[PDB]
């Protein structure tokens, strides 16, 4: 669940559930079966509700609902995928939440590690502040000012993994692939990047996110792979055209890049128990 997976998932959810009426939501296992989500009791007390939209910003997804007869009464379902969260049209393994729509329609959210989150709110004010905590969506926003990179004396890989400083949506596999394509050493500080490197990086961020979004089976939303190939793709970053028809890992979790160059599995980011692995090829990515 990196930006592209969450965006595609929302598009599929919109295809199958926009305009549908939600009658009930149940947490059959995981964290929310042990302790209910924030705002759950009030939400259930207000069902049924019609789904007006399903949107995303970076890795954050949310459902917007309302009472047909009371268009003022607007509710939101906040959802975070974590590391293994997945939505599906069938009750897959690790199903945690079951959404019951009218006419027997069903939607399921499964999450093996249970790192995903759910929150219910009928406050648009709160949702807005939540969205403001996230930087511009790297996939959906075509006019981001990444030149802001230069203001940070931090490793470029850290700045890109951050969901607020420059933009939102990039995760561990996307950043590794983007820096390799841009030929930039992960350790390189944003403050040391040239304007030439900046515009180059921006190019690849768009290329990689769009390629990922257009893919049908990268592997992090397997429960909807059949649906992925039965729905189109919004034309984000209209001017960018990836040559490959399916996203492929050039360095992430690889022993060597496509040309035999050694791939290092570096521990640049995090500390203690939150250390992430950054894959890069020293022969290709340099500090220039």
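Positions refer to the first chain, counted from 1.
As the entry records it, the average C-alpha temperature factor is higher for 126 to 134, out of 126 to 134 and 170 to 178. Across the two stretches, 252 to 260 and 39 to 47, the PDB entry reports the greater mean Cα temperature factor for 252 to 260. In the PDB entry, the Cα temperature factor peaks, among 209, 194, 110, 79, at 194. The PDB entry assigns the greatest CA B-factor among 152, 118, 115, 87 to 152. Ranked by Cα temperature factor within the chain, residue 21 sits in the middle third according to the deposited record.
Per the PDB record, residue ranking by Cα B-factor puts residue 65 in the middle third of the chain. When the modelled residues of the chain are ordered by C-alpha B-factor, residue 281 sits in the lowest third. Ranked by C-alpha B-factor against the other modelled residues of its chain, residue 14 falls in the middle third. For residue 185, the recorded CA B-factor ranks within the middle third of the chain. Only modelled residues enter the ranking.
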